[PDB]
Amino acid sequence: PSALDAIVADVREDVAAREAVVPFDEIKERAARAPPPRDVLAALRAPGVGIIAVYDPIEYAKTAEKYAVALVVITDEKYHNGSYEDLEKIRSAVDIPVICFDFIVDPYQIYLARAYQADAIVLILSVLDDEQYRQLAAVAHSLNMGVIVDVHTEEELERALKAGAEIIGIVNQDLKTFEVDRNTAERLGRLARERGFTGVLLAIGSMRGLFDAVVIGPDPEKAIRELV
């Protein structure tokens, strides 16, 4: 019995179903031909604590772009549910970068996000081992997309630090036990800085003076929504 195992199985079968109609080689080509990503790193590095808004789609996006530095669009890997087409429509309706947030274990999903014009993706270190992390980050970076590395424990933070992650998001939920530690953000963000980290810290939730941006808002999509 394992909620996290079930989510990973859902994602892997979602990919298998998508591949049967849009094969891996075809999604790679569509991703490579997509228009270049907007720069998520620069939007988050901008002075001040930027708001990252989370997602009628067009109305909310056009409203959100008046004050947010970036937009997060939670997607659904299940077959033929319009979720990736809506990501593209939303991104096309605004002028800020759009983060595609789903549960990525397979390179197919990164090409999929890029093909529908995502500017960045999230990698979750509680889900990924070091070899998977290296592969998936390399895929995203080969398409000039930003990578947000979500961490929840001291050990995950250290992996992100040692790997040289430039954007680290700190999440308060444990994706294996599904327990919430309401003060992880302050604890790990302070620890990140005090260990010498000079990149971008995101909080996925009064930790004043620590974070460059803050995200402002079971099956895989439900689990993502809990993270935000």
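The first residue in the sequence is number 1, and the count goes up from there. Atom set for the values below is all heavy atoms of this structure, side chains included, hydrogens, waters and symmetry mates excluded.
Summarising the geometry of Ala118 relative to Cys100, their closest heavy-atom pair is CB-CB, 3.7 Å, with the distance given to 0.1 Å. In terms of heavy atoms, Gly189 sits closest to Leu201 at O-CD1, 3.6 Å. Taking all atoms of both residues into account, the shortest heavy-atom contact from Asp76 to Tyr84 is O-CE1, 3.8 Å. The shortest heavy-atom contact between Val40 and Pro97 is CG2-CB, 3.4 Å. The minimum heavy-atom distance between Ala113 and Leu87, with the atom names listed, is O-CD2, 4.3 Å. Minimum interatomic distance between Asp212 and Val200 (heavy atoms only, all atoms of both residues): OD2-CA, 3.2 Å.
With sequence neighbours left out, the ring pair (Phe, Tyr, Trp, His ring centres under 6.0 Å) criterion links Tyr111 to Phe24. In terms of the salt bridge (charged side-chain N to carboxylate O under 4.0 Å, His left out) criterion, residue partners of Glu29 (sequence neighbours excluded) are, by chain and number, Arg33. Checked against side-chain hydrogen bond (donor to acceptor under 3.5 Å, both in side chains), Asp10 has no partners two or more places apart in sequence or in another chain. For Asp5, there are no salt bridge (charged side-chain N to carboxylate O under 4.0 Å, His left out) partners, not counting sequence neighbours. With sequence neighbours left out, the side-chain hydrogen bond (donor to acceptor under 3.5 Å, both in side chains) criterion links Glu19 to no other residue. For the salt bridge (charged side-chain N to carboxylate O under 4.0 Å, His left out) test, no residue two or more places apart in sequence or in another chain qualifies with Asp14. Taking the side-chain hydrogen bond (donor to acceptor under 3.5 Å, both in side chains) definition, one finds that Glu26 meets it with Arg30, sequence neighbours left out.
Checking side-chain atoms of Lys62 against main-chain N and O of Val94 turns up no donor-acceptor pair under 3.5 Å. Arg193 contributes a side-chain N or O that, together with a main-chain N or O of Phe197, makes up a donor-acceptor pair within less than 3.5 Å. At distances below 3.5 Å, not a single donor-acceptor pair connects side-chain atoms of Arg225 with backbone N or O atoms of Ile74. With hydrogens and angles disregarded, no donor-acceptor distance shorter than 3.5 Å links the side chain of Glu65 to the backbone of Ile96. For the pair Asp106 (side chain) and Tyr108 (backbone), a donor-acceptor distance under 3.5 Å is present. Checking side-chain atoms of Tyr60 against main-chain N and O of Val54 turns up a donor-acceptor pair under 3.5 Å. Not a single donor-acceptor pair under 3.5 Å links the side chain of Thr184 to the backbone N or O of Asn172. Without hydrogens or angle criteria, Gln109 side chain to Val15 main chain gives no donor-acceptor distance under 3.5 Å.
For the pair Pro57/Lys89, no side-chain contact is recorded, criterion being any heavy-atom separation below 4.5 Å from C-beta on. Contact annotation: the side chain of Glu226 approaches that of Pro218 to within less than 4.5 Å [non-hydrogen atoms, C-beta and beyond]. Side chains of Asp181 and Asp174 form no contact here, defined as non-hydrogen atoms less than 4.5 Å apart. A heavy-atom distance below 4.5 Å is not found between the side chains of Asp150 and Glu156. Side-chain contact between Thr75 and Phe101 is absent, with no heavy-atom pair separated by less than 4.5 Å. Put simply, the side chain of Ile204 does not reach to within 4.5 Å of the side chain of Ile170, judged on heavy atoms. Annotation: side chain of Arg195 is in contact with side chain of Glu158 (closest heavy-atom distance under 4.5 Å). For the pair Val214 and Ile52, the minimum side-chain heavy-atom distance is 4.5 Å or more.
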Open item on the list: Working note: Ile7 + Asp219, criterion side-chain contact (heavy atoms from CB on, under 4.5 Å); need CA distance, chi angles, decisive distance, verdict.
Closed with: CA-CA 6 Å; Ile7 284 162; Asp219 63 77; 5.8 Å; no
Open item on the list: Set out, in order, the CA-CA distance, both residues' side-chain angles and the distance that settles side-chain contact (heavy atoms from CB on, under 4.5 Å) for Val147 and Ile167, then state yes or no.
Closed with: CA-CA 7 Å; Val147 181; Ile167 306 170; over 6 Å; no
TODO: Verify side-chain contact (heavy atoms from CB on, under 4.5 Å) between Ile168 and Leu202, making sure each step is shown before the conclusion.
DONE: CA-CA 6 Å; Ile168 296 172; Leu202 308 184; over 6 Å; no
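Rounded to the nearest 0.5 Å, atoms CG (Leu71) and OH (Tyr55) are 10.0 Å apart. One distance of note links CD1 of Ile148 with CG of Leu44; it measures 6.5 Å at 0.5 Å rounding. Rounding to the nearest 0.5 Å places CG of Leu112 at 8.0 Å from CG of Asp102. Of the inter-residue distances, the one linking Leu123 atom CG with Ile104 atom CD1 reads 5.5 Å to the nearest 0.5 angstrom. Distance CD1/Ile124 to CD/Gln132: 12.0 Å, rounded to 0.5 Å. One finds the OG1 atom of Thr177 at 6.5 Å from the NE2 atom of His152 (value rounded to the nearest 0.5 Å).
Applying the salt bridge (charged side-chain N to carboxylate O under 4.0 Å, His left out) definition to pairs two or more places apart or across chains, those involving residues 109-131 are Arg91-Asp119, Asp130-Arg159.
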